[PDB]
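In what follows, a single structure is set out as C-alpha cells and then discussed.
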There are 2 protein chains.
Amino acid sequence: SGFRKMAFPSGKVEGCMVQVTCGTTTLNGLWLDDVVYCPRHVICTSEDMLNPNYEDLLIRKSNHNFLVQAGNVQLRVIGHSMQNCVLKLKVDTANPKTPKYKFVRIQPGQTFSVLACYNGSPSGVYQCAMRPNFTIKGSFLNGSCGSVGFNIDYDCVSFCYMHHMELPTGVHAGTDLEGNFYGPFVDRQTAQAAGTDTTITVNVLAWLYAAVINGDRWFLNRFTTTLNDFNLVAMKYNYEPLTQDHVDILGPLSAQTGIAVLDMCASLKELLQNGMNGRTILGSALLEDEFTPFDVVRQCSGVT
Amino acid sequence: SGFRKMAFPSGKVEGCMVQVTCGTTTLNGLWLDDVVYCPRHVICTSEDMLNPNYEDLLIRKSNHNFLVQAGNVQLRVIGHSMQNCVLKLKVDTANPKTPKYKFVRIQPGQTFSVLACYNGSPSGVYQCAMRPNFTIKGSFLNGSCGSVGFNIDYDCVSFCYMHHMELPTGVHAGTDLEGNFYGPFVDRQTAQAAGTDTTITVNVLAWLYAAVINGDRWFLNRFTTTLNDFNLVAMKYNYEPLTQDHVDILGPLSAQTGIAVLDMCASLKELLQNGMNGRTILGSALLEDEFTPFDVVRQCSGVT
Ligand SMILES: CN(C)c1ccc(N(Cc2ccccc2)C(=O)Cn2nnc3ccccc32)cc1
Ligand SMILES: CN(C)c1ccc(N(Cc2ccccc2)C(=O)Cn2nnc3ccccc32)cc1
C-alpha cells in the first residue's frame, strides 16, 4: 500500500546523457546509437534568442564547433543536421549504453519521467504530465535544456520530450525527439502565453481509484451521475470533458474496486462542489491529475 | 524555475539490485562488493512472521538455500551471517557495478530516494522522508522488501534504508544497512502502531523559501515572531519544535531571498492559523515537509 508520484528508474537514460557546447552555450544532449540530439538553440547566444534565424545561424557552424563530451571524454562530430527544432549531431562512436528505444509524441494528459541534467550530468528525476495547454510544470534551471522526458516499457525507453524553454509564467515548453514542439510554442523569446491549464479528469478519476485501493475511502458517496451531467460540472471547474473512451480506459480500475466509473464521477462531482473540507486524499489536499489509469495499475501491481 | 519532488538519479542503485529467494519467500537484495544485504525475514514463511525466532529459523538454512540472482544469472553464496535484522550473504563475485558507497543512519526529517523493486528489478523511484515517528510513507507492495533508500553526493551513494514491513495503518518500517530498525519497530507481525506523525517544521520553512525563489510569494506577510512564540503555535498544530540549529541551517536560504528566518516563521504561523483559503503554494494545497533545506538549495542550484 501507499501511492507516490513515482518516476521510472533512470539508469537507462543516464547512460545516454552528454554535454553539448556550441560557442558559449552549453546544454545537454541525448546520445542514442551514433547520433546526439539536442535543442537547436545551442547555436544561439542569449541575444540571438530574441529573433533567431536558425538556418542562417547554423550556416556559420561546422562539425568542429559542436563540442560533445560524454563523461570526461570527447566525441568526434562527423555530421550535423537540423530537424525542426532539434540538431542531430552524428558522432563517430555508437553509444555503447544505448538502450532499446522509440521516439514517441505523447498526447496531453499523458505522463512521463524527466531526468533533469546540467553539463551532461543527471541531477534528479521527477514525474510530470503533458498539460492540456501543451506545457509541462517541471523543475528546470538555466543549463537544463536538452534534458529528456521518457517512459519505459520493461527494457524499451520511449523518449517523448526534450526541454527547450521556460515561459514567463514559470511553465515549460519543449519538443518531441523529432524536434516538433508540443503545442504552439516556438524557440523564440517573444510573447508566448499558455492557454488554460485545465485538469486531466481521467487522471483524477484514476487517482481516486488508487485512493480507494490504498484505503482512502472517505470521499465515496451514495450518488451516481451521467457523462453529460458530470461534464456540465467539470466544464464549470476547468476540467477536461470526460469521454466514453476515458470511461473504457478506467474499466480495469472500476473492476478492481467494484466502483462503477460513473459512481466515482459522482464522488468527484461532490469533491469539486463541496471541496475537501480540510481533509486529504493520498496525502494531498487537492485532486491530483498527473497519474494516468495505466500509471495507477502499474504502481498498484508492481510492474518492473 | 519550478519545484518538484525530485528523486536522485537511480542508475547507480539499479546496478546493485538482485533477487533473493529463500524457500518460498522472494524479495530484493542490495549487492555491494561481494556481499548481498537483504531483510532477515527472507527465511520466514507468512506464518513464521507471527512469532519468529530468527536465530532458530536461520539454523535450518545453509548457503545453498539462499538463491541470489543478478539479472538472469545466479550468484554463488559462499557465506551467510545475520547482523541485527539483515542478512549478509557473501557471494564469490564482487559486483562489478558497485558504486562508491557508505552506510548511513539518517535522523527524522531527513529525506532520501527509494528505488522500489520486485524480483530484483526496479519498478520506480520516488522521494520520501524519515518521519518524526520513524515510519516512512512509501509505495511498497508484497515483494518490495529489500528495496533501499539512499542519497547521492556526486558519485558516492549513502544507503540509509532497507524496506522491511508495512504496518496496519499503511505506513512503512525498515532498517538502516546495519540491520537496525528506524524507531521501535520490529520484524514481528504483532501490535505495532506508529506515534504522532508530526510535521517537519524546518522542512516546511525550506519549502516556503523554495516557493519564494520560484515566484509564489502570496503568503509573505508583514509580521515577524520569536522562536518561542512560533513554537507555541507549532506545538498546537503538531509541528516539530523549531530550534536555533534549524534557524542556522536555513541561513543560506534566508540570505538568498532576503527573508529573515523568523519572518518566514511568522508567515508559516499565519498559514497554520488562517489556512490556505483555497490557494496553493508550489502546486500544493498543504504545507510540504519532505524537502530539507539542503534539497531546496540543491534543486535550486542544479547540483549534479
Ligand atoms: C541559447 N541560449 C543562450 C538560451 C538562453 C535562454 C533561453 N531561454 C529563454 C527563452 C524563453 C522562451 C523562448 C525562447 C527563449 C530559456 O527559457 C531556456 N531555459 N529553459 N528552461 C529554463 C529555466 C530557467 C532559465 C532558463 C531556461 C533559451 C536559450
Ligand atoms: C517473510 N514474509 C513471507 C513476509 C510476509 C509478510 C510480511 N509483512 C507483514 C508484517 C507486518 C509487520 C511486521 C511484520 C510482518 C509485511 O508487511 C511485508 N511487506 N512490506 N511491505 C509490504 C507492502 C504490502 C504488503 C506486504 C508488505 C513480511 C514478511
Side-chain angles (χ1 to χ4, degrees), chain A residues 1-15 17 113-128 136-144 152 154 166 169-172 214-216 275-276 278 280 282-287 290 295 298-304, chain B residues 1-15 17 113-128 136-144 152 154 166 169-172 214-216 275-276 278 280 282-287 290 295 298-304:
Chain A
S1 106
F3 204 75
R4 280 270 181 200
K5 186 65 73 53
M6 182 180 293
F8 284 99
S10 62
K12 283 170 186 305
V13 178
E14 293 169 49
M17 306 306 304
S113 302
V114 172
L115 180 64
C117 296
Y118 299 89
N119 306 113
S121 287
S123 46
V125 59
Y126 54 86
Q127 191 74 349
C128 70
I136 80 170
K137 294 185 163 133
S139 172
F140 294 110
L141 297 164
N142 195 92
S144 67
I152 310 181
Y154 179 57
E166 183 177 287
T169 55
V171 299
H172 304 107
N214 292 277
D216 271 22
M276 308 279 278
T280 60
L282 288 174
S284 177
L286 53 71
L287 307 172
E290 301 202 345
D295 293 337
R298 192 186 302 111
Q299 186 170 163
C300 298
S301 63
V303 171
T304 64
Chain B
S1 106
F3 204 75
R4 280 270 181 200
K5 186 65 73 53
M6 182 180 293
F8 284 99
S10 62
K12 283 170 186 305
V13 178
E14 293 169 49
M17 306 306 304
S113 302
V114 172
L115 180 64
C117 296
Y118 299 89
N119 306 113
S121 287
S123 46
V125 59
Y126 54 86
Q127 191 74 349
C128 70
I136 80 170
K137 294 185 163 133
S139 172
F140 294 110
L141 297 164
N142 195 92
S144 67
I152 310 181
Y154 179 57
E166 183 177 287
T169 55
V171 299
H172 304 107
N214 292 277
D216 271 22
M276 308 279 278
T280 60
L282 288 174
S284 177
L286 53 71
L287 307 172
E290 301 202 345
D295 293 337
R298 192 186 302 111
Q299 186 170 163
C300 298
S301 63
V303 171
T304 64

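Reminder, nothing fancy here: chain letters follow the sequence lines and each chain counts from 1. These values consider heavy atoms only, across backbone and side chains, with no hydrogens, waters or symmetry-generated copies.
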Using non-hydrogen atoms and a 4.5 Å limit, figure out which bit of [X] sits close to chain B: side chain, backbone, both or neither.
{"X": "A:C128", "result": "both"}
{"X": "A:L286", "result": "both"}
{"X": "A:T280", "result": "side chain"}

Specify which of A:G215, A:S301, A:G138, A:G170 makes the most heavy-atom pairs with chain B at under 4.5 Å.
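Top option by heavy-atom pairs under 4.5 Å: A:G138.
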Which one wins on heavy-atom pair count under 4.5 Å against chain B: A:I152, A:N214, A:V303, A:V125?
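Result: the option with the highest number of such pairs is A:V125.
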Check for a donor-acceptor pair, side chain of A:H172 on one end and backbone N or O of B:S1 on the other, with a separation under 3.5 Å.
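Yes, A:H172 side chain to B:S1 backbone: donor-acceptor pair under 3.5 Å.
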Using modelled atom types and a 3.5 Å cut-off, is there a donor and acceptor pairing between side-chain atoms of B:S139 and backbone atoms of A:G2?
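Such a contact is found between B:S139 side chain and A:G2 backbone.
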Anything under 3.5 Å between a donor and an acceptor, one on a side chain of residues 4-13 of chain A, the other on a protein residue two or more places apart or in another chain? List them.
{"residue": "A:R4", "atom": "NE", "partner": "B:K137", "partner atom": "O", "Å": "2.8"}
{"residue": "A:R4", "atom": "NH1", "partner": "B:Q127", "partner atom": "O", "Å": "3.4"}
{"residue": "A:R4", "atom": "NH2", "partner": "B:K137", "partner atom": "O", "Å": "2.8"}
{"residue": "A:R4", "atom": "NH2", "partner": "B:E290", "partner atom": "OE1", "Å": "2.8"}
{"residue": "A:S10", "atom": "OG", "partner": "A:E14", "partner atom": "OE2", "Å": "2.6"}
{"residue": "A:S10", "atom": "OG", "partner": "B:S10", "partner atom": "N", "Å": "3.0"}

Looking only at heavy atoms and a cut-off of under 4.5 Å, which of B:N119, B:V114, B:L141, B:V171 has the most pairs with chain A?
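Going by pairs under 4.5 Å, I would pick B:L141.
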What residue in B:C300, B:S284, B:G143 has the most heavy-atom pairs under 4.5 Å with chain A?
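Option with the top pair count is B:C300.
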Test side-chain contact (heavy atoms from CB on, under 4.5 Å) applied to B:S144 - qualifying residues, sequence neighbours left out:
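Expected list: B:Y118, B:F140, B:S147, B:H163.
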